[PDB]
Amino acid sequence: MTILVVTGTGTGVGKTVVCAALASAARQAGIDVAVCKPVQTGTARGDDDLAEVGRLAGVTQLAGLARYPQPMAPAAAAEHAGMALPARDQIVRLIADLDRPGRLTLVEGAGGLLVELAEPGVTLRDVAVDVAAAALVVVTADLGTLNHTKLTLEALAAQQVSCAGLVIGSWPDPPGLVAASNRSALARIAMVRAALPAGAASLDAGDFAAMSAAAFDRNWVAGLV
């Protein structure tokens, strides 16, 4: 089994693009890639993180269980619809079924690590434990990332989930004073696996793929499977 949960320090942090960028680099090295997003909120607004990964990295095994119209935490969205979340069992078997020899499976949750994905109080962290996934955590390069990062790293270490490293979801065009010290700081805390250019999400499939193959150590990511 070769599963990696892609969590992050919160929502709107670059987890989806990182999913796409890793997917579209694992491919370039001839790795088969599936992406799972069990619970997707904000559909009335057009949120579809699976589609975005399909467009950007071309992945095709794109799996999901539940979608809620309202753009809030899954449990909030669920209850503003009057309809439960999936069960831990649905989410765990779904992911585990996705796994193939030679295949990288990426799981994006919703928001940060301890967001409730299933009933009762089940998180991406419980999922990772049950599928023996390592975790890749996506972080901003902005004010607050160090605290949010350390706080996520500890919460992972507390259930003995491996961090496979960090990825800056957006790295500034003019690279900034805060951002630069933040990167030096993060780098001393953990292995920073990639830093994605700031506009990577709005590139075209060829752009993105040259971007992605440049973003990651071909050696670390081939060694994932």
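Throughout, we count residues from 1 along the sequence that is shown. If you superpose the two forms and keep the largest set of C-alpha atoms that fall within 1.5 Å, you have the rigid core.
- After superposition on the rigid core, the larger root-mean-square Cα deviation in 9 other deposited structures of this protein belongs to 170-178, not to the other of 51-59 and 170-178.
- Core-fitted comparison in 9 other deposited structures of this protein shows that, between 149-157 and 96-104, the CA atoms farther from the shown form belong to 96-104.
- Between 208-216 and 10-18, the higher mean Cα B-factor belongs to 208-216.
- In this crystal structure, the stretch out of 198-206 and 19-27 whose C-alpha atoms carry the higher mean B factor is 198-206.
- The entry assigns its greatest Cα B factor, within the set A133, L114, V92, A81, to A81.
- As recorded in the PDB entry, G121 shows the highest C-alpha B-factor of the residues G121, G144, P74, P86.
- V225: CA B factor in the highest third of modelled residues in this chain (values from the PDB entry).
- Residue-level temperature factors show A66 in the lowest third of its chain, judged at the C-alpha atom.
- Among the modelled residues of its chain, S170 has a C-alpha B-factor that falls in the highest third according to the deposited record.
- Ranked by C-alpha B-factor against the other modelled residues of its chain, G58 falls in the middle third.
- In the deposited entry, the Cα temperature factor of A185 sits in the middle third of values across the chain's modelled residues.
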